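Novice: can you look at this? It's an experimental structure, sequence on top.
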Amino acid sequence: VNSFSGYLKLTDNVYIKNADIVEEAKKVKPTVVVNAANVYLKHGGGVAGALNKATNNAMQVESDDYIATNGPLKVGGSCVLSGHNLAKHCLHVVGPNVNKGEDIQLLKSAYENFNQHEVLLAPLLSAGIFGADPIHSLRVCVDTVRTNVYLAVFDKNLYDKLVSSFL
Ligand SMILES: OC[C@H](CC1CCCC1)Nc1ncnc2[nH]ccc12
């Protein structure tokens, strides 16, 4: 039993809700919140900009130190950093950004990072401003993640389409 509320169950391990991931994280304080990161951990917009804003820029400060030490992530890769006031940990995961020409096949590799954590609150990787088809992202999520994932979909209209089209 966990404290996630109001989710529709899609499969044995995947759940979905129309929600602002920032507000969800502040309520649940999950062990792991997933950020839709880029390789530079520059949290400018989308989920990343919103999460970072909610941390009063502490996420960005921590991220800049991480990059200065370690260099950029790989597309499809991840790192674990602090969750600040939102969660115990933040798993920064880089899905391919179609608006940069990156290979959509890397989306499966990106979701594989979720399997290192028993339970996660997460967005749909590569959706939104990353330019991929969210229906496809949900399909890859369900077919790749084996741990318990609670997906927050910000856009209500998109949420309804994802549910109604789910196979
Ligand atoms: O990339 C996933 C998603 C893409 C868009 C959301 C609506 C239409 C497409 N972004 C978000 N998902 C959940 N909570 C969020 N809070 C701020 C941003 C955000």
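Specialist: It's in. Numbers count the residues shown, from 1 in each chain.
Novice: and the closest residue to the ligand within the chain, what does it touch?
Specialist: Here the residue of the chain nearest the ligand is residue 128; by CB to the nearest ligand atom that distance is 2.2 Å. For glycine as for every other residue, the C-beta is placed from the backbone atoms N, C-alpha and C. Taking CB atoms under 8 Å, 6 or more residues apart in numbering, we find residue 128 in contact with 36, 46, 47, 134, 154.
Novice: relative to residue 47, how far out is the spatially closest residue to residue 153 that is not a sequence neighbour?
Specialist: Nearest in space to residue 153, with sequence neighbours left out and distances taken as CB to CB, 6 or more residues apart in numbering, is residue 159 at 4.2 Å. Residue 159 sits at a distance of 15 Å from residue 47 (criterion: CB to CB, to the nearest Å).
Novice: between these two, point out the one with more neighbours.
Specialist: Set side by side, residue 159 and residue 47 show more neighbours around residue 47, with 26 against 19, by other CB atoms under 10 Å.
Novice: if we can go back for a sec, backbone phi and psi for the residue nearest to residue 153, please?
Specialist: phi -50, psi -50 (degrees, to the nearest 10).
Novice: run the chain-centre distance for the longest helix seen in the chain.
Specialist: Using DSSP state H, we find that the single longest helix of the chain is helix 58-70. In terms of CA atoms, centre = their mean, to the nearest Å, the centre of helix 58-70 is set 18 Å apart from its chain centre.
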